Structure formats: C-alpha cells, structure tokens
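Only one chain is given next, in structure tokens, and it is the form deposited in one PDB entry.
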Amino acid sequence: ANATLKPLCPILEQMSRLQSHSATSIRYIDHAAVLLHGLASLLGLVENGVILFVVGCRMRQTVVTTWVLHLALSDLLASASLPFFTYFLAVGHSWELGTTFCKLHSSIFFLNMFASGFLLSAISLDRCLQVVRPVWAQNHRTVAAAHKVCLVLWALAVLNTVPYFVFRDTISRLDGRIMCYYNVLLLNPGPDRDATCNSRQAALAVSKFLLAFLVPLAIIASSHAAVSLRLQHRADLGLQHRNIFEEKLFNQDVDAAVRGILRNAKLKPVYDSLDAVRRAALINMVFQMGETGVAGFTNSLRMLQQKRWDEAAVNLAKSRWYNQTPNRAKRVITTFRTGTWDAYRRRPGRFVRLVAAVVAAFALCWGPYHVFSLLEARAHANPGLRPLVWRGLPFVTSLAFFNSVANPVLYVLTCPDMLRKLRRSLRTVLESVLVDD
C-alpha cells in the first residue's frame, strides 16, 4: 500500500494484471447479479429465521430437531455474510471494506462449509446407531448429548477455518479494484515461492474437499447402506414366529449389569421383587446412571419393592435424572407403572425425507464449488486452466451460498409437521387483529 511491496503467486499476480475493459479505471456493474444476491440475502435471513423459531419454540425438542436447528444456524450465518458479497458486486467487483473484514466475511463462508458437512455426517451416524444399536440408543440418545455433539463439531469447524482467516489478504488490481482472495505467501514463504504457492494452494483445496465433502458423503452413504441391510434383516425375522416380546462400543451386555445389580445390597431385593418386565427397566437405569446412581434413590426403590408404582413415579419425576433427560427417564418410569413394554414402542423413523433432501442439496451445491477449487490448485502448473477458473469459480461460489436459501424450503416441503406448526403460528399472528381489537 504505502510504498510497500508484497510477493504474490503467479495466479494472483495474473489476476491482478487482468485488464477488465481497457485500462481505464471504469467499473462495469452487473446489476442483474446484485439484485439476485441481494434478494437472496433477504430470503436467506428471513427463511432461516422463521425455521429457527418454529423448530426452536413451537416444536417438541428431540435429538433430530437439534441437528436441524444447528444446520439452520449455519445457513443463517451464511445468509448474514451474503449482504457484504452483494456490495462487492454493486461496487463493480472490488473489496472496499478494509483488510480485517475481508478475513471475517470469508471465514463465515468457510465456517458454514465445514459445519454443514460435519452435521450431516452426525445426522447420518445418528440414524445409523438408531437402527443398529437400539438398546444403547434408547438409553443414551438424549437431546443433552445431541447439543454437546453440535458444540464439538462447531469447534472443529471453527478450527479448520483458521487457516483461511490467516491467508485472506487484500490484493490491489490495476483496475483500481481491490481483491479479497488467498495470499499463500502472506506469511513464512518458502525459499522456492513457486513451490510454496503450488504446495499451500493445493493443500487447502484438498483438505477442504476431504473434510467438508468427500468424508461426509462417504459417512452418509456408508450409514445408509448399513441401516438398509439391517431393516432387510429385521423384516425377515418378524415374518417368522419370533415375536415373544423380546464393554464394546455401543454395548448391550445385560448379564454384566445383573451381576452388579445382585452384588449391590440396595438393588438385590428390588431386582428380586420385580416381574420380568420391570427388571429390564431397572437394568436400563443402571446403563444410564450406573448402579452407584440408581442406588442413590433410597426412597424410590422402597416403593418399587413394595409394588407402590404410582407413588414411585412421582418421586422419579422430581429427580434431576428426569429433569435433564426426561424422554429416556419417562420411558423407564412408565415401564415401572404399567409393567408392560409398550413405552419402548420403536415405531418407524421420521425426517427421512428431510435428511434425504438436505443431503442431495448439499451434494449439488457444494460439489461444483470443490471441482473448480481443485482445478485452481492444478492451474498453477497448467496455466491453460487459469482463465476457466477465473470466470467459472465465482459462479460455483454463489451456488454454495444459495444452498442456505434452499435448505429452509426443503425442511418445510418434506415435513408436514414443519409446515403445519408454521401455519398455526402464522395465523395467530394474523388472528389477534380480528378478535376484540
């Protein structure tokens, strides 16, 4: 800037010397694109806003809803960076908002990329453990954990975007335009700049393609294949006369706990004074909070041994165990009350249409982006690709942004419960005016 020089890579040094029009500082404005992205910015913000409200405040909080919630939060952040990308187009393709903002704005785009990929993998593996490890799932699939998993994924997402925040720099074009783009040589360049430019620009493109696209889709496909075969296998068994009403990761070792239950003085008589059905609900508690924890329930165990079911339930509903993970505790409590196994219904899964649509959208929108970015890495050696990447790369990036505008629509189209609770709240907002204004 102020009598400072910086070494640039051939790709950017050429993008800098690219003469738009004829060396005259006059900027052409594609008014069509500006309105498109600007409208997109509006839609994306409003759409993911209402989705966060419906799922968040007007919907029964489950584990699956927790994935959709974070997935729409990322799309909201993308929708929030999109306005600044429209200004970049209105100015005439130039970054006029200092250097430090060129990093944050860009990182936001990459943050939603890693986050969306990680969450979709989590949704897949969740659906897989739901089918392949039913016993372990009904004792540990709690919305509390789902929330904790999302935070770890966000931290991992914020971590893989750190490199992109660092190497984002503002490069001045000859047009008077200011670019906001990679600056591989911004810090500790190598004695062989041609190597560092090729090396780093290729490492970023591949790691991004693996962690944020290839691996997610691999996990997604693998998970889908595993559940598909298990359901094929479960259907075969059901059509046989095997309906009598019946440690390693994601375990299911019943014999192990029964030997610890009988080894505990407080639990042995309660486990002996129980029918077959209520003995299983007691083992489920041990799986969830251990024998040391279930033994803490001094007054409530007394009720179970004495067949005082309804009275025991009141006590458990007052416990922290019920007030932190109610769904799994309600399952165990009611099982003691009724003495049947209906609470563990295990009816078919929901949100299959939703998860399928979002995965398809994720694949089509981010697929093209990663294709051109890798060509960019290969275009260092092969200059013939550079002009194709120059013009073709900005279009695939706008595609990725529009994914955050389509996901909210896919949510509603493929889930009646979603559209239904949106209308009811949309009517309450249009029904207070009518009655006794």
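Note that the rigid core is defined as the largest set of C-alphas that superpose within 1.5 Å between two forms. For every residue, the number given is its place in the sequence shown, counted from 1.
Count class of deposited residues lacking coordinates, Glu246 to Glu247:
Gap size class: 10 or more residues without coordinates, per the record.
Between 424-432 and 5-13, which has the larger average Cα B-factor in the PDB entry?
Mean B over CA atoms: larger for 424-432.
For the C-alpha atoms alone, is the average B factor greater in 406-414 or in 387-395, going by the entry?
Per the PDB entry, the higher value belongs to 387-395.
Going by the deposited entry, which of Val152, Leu231, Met179, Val258 has the highest CA temperature factor?
By C-alpha B-factor in the record, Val258 ranks first.
Deposited CA B-factor, highest of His37, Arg27, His70, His370:
Top of the list by C-alpha B-factor: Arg27.
Please place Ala195 in the lowest, middle or highest third of its chain according to the CA B-factor in the PDB entry.
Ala195: CA B-factor falls in the middle third of its chain.
For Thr335, does the deposited CA B-factor place it in the lowest, middle or highest third of the chain?
Answer is middle: the recorded C-alpha B-factor places it there.
Based on the deposited C-alpha B factors for this chain, I'd like to know if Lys307 is in the lowest, middle or highest third.
As the PDB entry reports it, the C-alpha B-factor of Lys307 lands in the highest third of its chain.
Comparing against every modelled residue in the chain, figure out the third that the C-alpha B-factor of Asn183 lands in (lowest, middle or highest).
For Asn183, the deposited C-alpha B-factor lands in the lowest third.
Among the modelled residues of this chain, does the Cα B factor of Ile51 put it in the lowest, middle or highest third?
As the PDB entry reports it, the C-alpha B-factor of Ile51 lands in the middle third of its chain.
Below, we refer to the form deposited in another entry, which is not included among the displayed structures.
Overlay on the rigid core first, then point out the one of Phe165, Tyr344, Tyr87, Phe101 whose CA is displaced 2 Å or more between the shown form and the other one.
Spelled out, the residue whose C-alpha shifts by 2 Å or more is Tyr344.
Which way does the C-alpha gap of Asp310 and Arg345 go in that other deposited form, closer or farther, given it changes by 3 angstroms or more?
Pair moves farther apart in that other deposited form.
Inter-Cα distance between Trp136 and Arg345 in that other deposited form, nearer or further [3 Å or more]:
Closer, not farther.
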